[PDB]
Structures are given as C-alpha cells and as structure tokens.
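Presented as structure tokens, the chain that follows is alone, the form deposited without the DNA.
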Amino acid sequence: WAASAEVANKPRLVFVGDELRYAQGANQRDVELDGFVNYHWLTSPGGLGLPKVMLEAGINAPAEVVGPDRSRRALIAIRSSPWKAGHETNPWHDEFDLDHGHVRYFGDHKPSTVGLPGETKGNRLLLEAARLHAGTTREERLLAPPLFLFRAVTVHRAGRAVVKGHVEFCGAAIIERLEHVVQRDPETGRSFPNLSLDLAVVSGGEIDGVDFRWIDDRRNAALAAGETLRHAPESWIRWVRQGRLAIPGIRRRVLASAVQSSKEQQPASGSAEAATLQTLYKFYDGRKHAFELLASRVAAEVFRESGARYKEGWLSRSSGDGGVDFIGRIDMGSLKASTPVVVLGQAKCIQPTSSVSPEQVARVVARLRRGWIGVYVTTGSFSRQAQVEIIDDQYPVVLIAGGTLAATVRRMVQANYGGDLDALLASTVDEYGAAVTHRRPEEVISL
C-alpha cells in the first residue's frame, strides 16, 4: 500500500545510453548495483508486489495483465547482444540507428528450431505485438505493448573491466513493419526462416528519457488501458491517438553538433558590426566578384586564425556565376610533416535577413573530391535545413555568415588602413579583383 504509493509518486527516468546493471538474482529494492543503476529495480520496484521483468537475450515479456474489462501485454523487453563494430560481419545483425530513431531488429528463430516461424516464444510475442502496432483504431493501439530496447554495452568506470555485466537502454519503440526473412547459418550452411522488424524509436520530448512508471501503470491490473498513459511519452500518446501518420513527427532525432539560428549567425541589432555588415551588403550587392575576392581574404583569415597554414590560390571567374568562386589550400600537419588540402570557396552576397538554402551549399559540397574541404561566405545566414544537411551527412564545409564576415572585415580594417574602413573595400573593388586563373583547383597543390 504505502510502498506501492511511494513507488507511484517517484519518477523513474531512464535515458537513452544509461548503462544499467543486469544480473542474476539481485534485489528489486536497491536503486543502484555495482556502481550502476539496477535494472530489476528500474523495471520492477518490488513495492508493487509484481514479478521481475526478465531481460534475456532476444525478446522478453512478463505475464499478461488481466485488467477489469480487458487483458493486455504490459511491455516487450528486447535485449540485443552483438557489439561488433566491424568485428563480426553478418547481414542478419541488428542495425541500430538511434540518431534517426530507427532500429532493424531480427527474430529469435534459430537454425536448430523445429517449428515454423514464429512458433518460438519471441517471434510469437513479436507477431502478437505487431498485430496491435498496426492497428487502425485507437483501442487496438492502446493495447499495443511498447518495445523497450536494451543492448550489451561496454563501460569502464574505474578504467577496467568494461566488457560484460551491463545493459544499455536504447528507448521505447513502435513496430512499423514486420517481415519474414530467410537466413543461412554460416556454420552449417543451413537456410532457415526468421522474422525481422522495422522499429521506430519515439522521442522523449522534453527530455531524452522515459519514465518507467509507465510500465508500472501498464502492469497494473486495476487500471484499464486508457488510464495507463499518464507517464507515457507525449509522442507515444500521439501515436495512440493519430496512428501511423503521426510517426514521422514523433520519431526521435539527434544531431551530432549544435545548430545556430539566424540570430546567432547575425551580429547584434544595434552594434557597429551590424552597420558594418549593412555597409558591406550595400557595397557588394552589385559587386559580386569583388565580394568573392573579399570572401577569399576572409576565408584565408578564418583558416589562419585556427592555426592552419592557408594558401590563397586564385579566383575562378570574372563572369558567369559558377559553383566555385575562389580556391585555397591548407597544409594540414607540422612543418615538413604535412599534407595538402584543396579548399573550394563560394561567395554569396544576399540581404542579411535572407538565408542560404541547403542546395546552394550542396552546390559547393558536390565539387569536393577526397582530401578537399569547402568554405561558404555570406552576408546573410544559413537555413536550418542547410546546417542539418551538413551536420547529419558530415559535409566538410566551413560556414562564414554575416557575423563572422563582419568581424573579420572589421579586424582587417584595423589591420591595414589609414584610419578609415574603406581601405579593404577599395582594395577589393579596384586593382587585384580583375585577375583570374584558368587552372584546375587541385593544381593549387603545385603552387
């Protein structure tokens, strides 16, 4: 009573990546075990008076919960074992892509299995669940058991014994596709049928975790299915209510690096850098090529500020647009211990309140050979989709928006001038800017 109420009042958030302590026996009451969060306490507090949620290799599920009106499966605890990363090669291996909220899972049908798929407990559970996850009604999706994902992880807290003794939470998942597959046992050369699952890992919403009180609610026989969504992710509830169509929006999405919006890419509102940026925009609006020269100078300064040895090559054109405007070179490495890196640059003078589309960046990325990097210089900013495209696809492109451009221009004004700011602008417009070289980019290595 008081213990179960104590349980129902304390959130048990488990985040994606948390290394849980899984062990034979142990205690459902101890919150932490062997320096790690105890799995058995996390899934079954013990104050509920409920059996443990077993997490064996493959598919797991506790006994069915007989509610007052209807019965249901509480959850499905799936544990994946292999952590190959190139060590073990197999097309039937579980494929985890949690950053895009997608997991390719495989059934528990074995080469030595006598029955037809899936008469195995795991695949039977997976079929039962899949029938509910594909439900076209809210009532069928309400009964649909979530797929809690776990994997064998490696972790050395004291700097030793990282292997084994751990499991890692990988999120809650919806079955979006079930397929029958055929596999061949590489040991015996035997072809056996199996099941395979497309899993969509839902978003945690505000946080990247899941409250395991949801499981407690689903294991509560006094509660109907409709009253078990209090602590469930808003994404999951949205799937229960809207269905498959709600999946593309509720799917988990993780980016490696941070994305900066327009305000972060632009200098402050009433700053001198803002006025400077506006003067630059008013100057190079009708002057494209001089702005490309200025862009070459700016990019040069940017790469030289990072400590990299930069070499300005040439400007590609004096007319007719093009995807590449200027060429540079970066000798990455120590003195007499370096390698040449061809740098492809692109200048785009646009209104500081306007933005650069991902295809415009891709026009620069597409040129990049192996050992080449890109650089984009603009008076405006870059769209969110451009940054997402660059980060998620790992495009080797350095971004130089209105803020960095303004700062570099001001600094260069302070560098060489007579007390004015039109020194750099005049240096860009007149003289040098007319010269162009009709040579291949890679040839920048030779100069």
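Here the rigid core means the biggest group of C-alpha atoms that line up within 1.5 Å when the two forms are laid on top of each other. Don't overthink the numbering: it's just position in the shown sequence, from 1.
From this point on, the text means the form deposited with the DNA bound, which you will not see here.
Chemist: Would you check whether the DNA, in the entry with it bound, lies within 4.5 angstroms of a non-hydrogen atom from each of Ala258, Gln351 and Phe382?
Modeler: The answer is no: none of the three residues contacts the partner (heavy atom, 4.5 Å cut-off).
Chemist: Thinking of the DNA in the entry with it bound, which stretch from 240-248, 265-273, 364-372, 75-83 has heavy atoms inside 4.5 Å of it?
Modeler: Checking each option against the 4.5 Å cut-off leaves 75-83.
Chemist: Could you tell me which one of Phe148, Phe303, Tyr105, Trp236 places a heavy atom within 4.5 Å of the DNA in the entry with it bound?
Modeler: Among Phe148, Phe303, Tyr105, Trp236, a heavy atom within 4.5 Å of the DNA in the entry with it bound occurs only for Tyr105.
Chemist: Among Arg184, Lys164, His180, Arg253, which has at least one heavy atom within 4.5 Å of the DNA in the entry with it bound?
Modeler: Of the listed residues, the single hit is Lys164.
Chemist: When the contact criterion is heavy atoms within 4.5 Å, does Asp30 count as touching the DNA in the entry with it bound?
Modeler: Flag for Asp30 set to no.
Chemist: Please check if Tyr310 has a heavy atom lying within 4.5 Å of any heavy atom of the DNA in the entry with it bound.
Modeler: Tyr310: no contact with the DNA in the entry with it bound.
Chemist: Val66 near the DNA in the entry with it bound, any heavy atom under 4.5 Å?
Modeler: Output for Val66 is no: heavy atoms all beyond 4.5 Å of the DNA.
Chemist: Although the DNA is absent from this view, report whether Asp94 comes within 4.5 Å of it in the entry with it bound, heavy atoms only.
Modeler: Output for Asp94 is yes: heavy atoms within 4.5 Å of the DNA.
Chemist: Which residues in 20-55 have a heavy atom within 4.5 Å of the DNA in the entry with it bound?
Modeler: Sequence-ordered list: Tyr22, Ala23, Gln24, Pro51, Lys52, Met54.
Chemist: Which one of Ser71, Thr136, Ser191, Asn90 is the only residue whose C-alpha moves by 2 Å or more between this form and the one not shown, after superposing on the core?
Modeler: With the rigid core superposed, the residue that stands out is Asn90.
Chemist: Core aligned, does the CA of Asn416 move at least 2 Å between this form and the one not shown?
Modeler: Result for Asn416: yes, a 2 Å-plus shift.
Chemist: If you line up the core, does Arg160 shift 2 angstroms or more at its C-alpha between this form and the one not shown?
Modeler: No, shifts by less than 2 Å.
Chemist: Would you say whether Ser334 is displaced between this form and the one not shown, judging by a C-alpha shift of 2 Å or more on the superposed rigid core?
Modeler: Moves: yes, 2 Å or greater.
Chemist: Kindly indicate if, in the entry with it bound, the C-alpha atoms of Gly86 and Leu255 are closer or farther apart than in the structure shown, bearing in mind the change is 3 Å or more.
Modeler: Note: Cα gap between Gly86 and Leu255 widens in the entry with it bound.
Chemist: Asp393 and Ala85: their C-alpha distance differs by 3 angstroms or more in the entry with it bound. Do they come closer or move farther apart compared with the shown form?
Modeler: Farther, not closer.
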